[PDB]
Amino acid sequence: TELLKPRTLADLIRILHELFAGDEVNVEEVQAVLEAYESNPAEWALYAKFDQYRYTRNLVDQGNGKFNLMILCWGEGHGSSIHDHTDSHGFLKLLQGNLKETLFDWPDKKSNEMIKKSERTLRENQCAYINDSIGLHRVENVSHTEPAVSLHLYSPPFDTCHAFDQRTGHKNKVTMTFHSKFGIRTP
């Protein structure tokens, strides 16, 4: 439980394997460690594989079963759907640029427009936390000029979740696909 500053991304990953050695999760400690890692672009350039038309998800580490660690690359104007996190912890650390995070309440069964509960601006090196009990969220790169890169950790890992229609609150099941794994493009 002695948390040291991650010197490198590699160091971060090693520390993460220690924090997730057990069955439970100290959320505040994982968040503090993620925040303490100073983004060094050279260290994660291998995973920063962008697509022109939407954001990409690039697997960095499989966390020996307990978590997925991955890097998301957001072109100018790229955003996600409103989604849940499948009963997992979600950690989001900015490695480059800014993201807008918008929070939504779980919809009632009546068809209604989903209204924003709040929004915030995540900035370089900041780490945010989300879970289903906090709410639904959307993540967007609203920048016209700057690509964004984020580091995402999910525990337990999941490759399916729901997307929500902002107009109705209706949900559909969605399968997450990896654009690359361990620096290897995986079509």
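A residue's number is simply how far along the shown sequence it sits, counting from 1.
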Between 129-137 and 52-60 (mean CA B-factor, as deposited), the higher: 129-137
Highest mean C-alpha temperature factor of the two stretches 166-174 and 14-22, which is it? 166-174
At the C-alpha atoms, which of 84, 113, 76, 101 reaches the highest B-factor in this entry? 113
Of the options 155, 143, 40, 121, which has the highest CA B factor as deposited? 121
Against its chain's modelled residues, does residue 35's Cα B factor rank lowest, middle or highest third? middle
Residue 27's Cα B-factor: lowest, middle or highest third of the chain? highest
Here the Cα B-factor of residue 161, set against its chain, lands in the third termed highest
Taking the C-alpha B-factors as the PDB entry records them, is residue 89 in the lowest, middle or highest third of its chain? middle
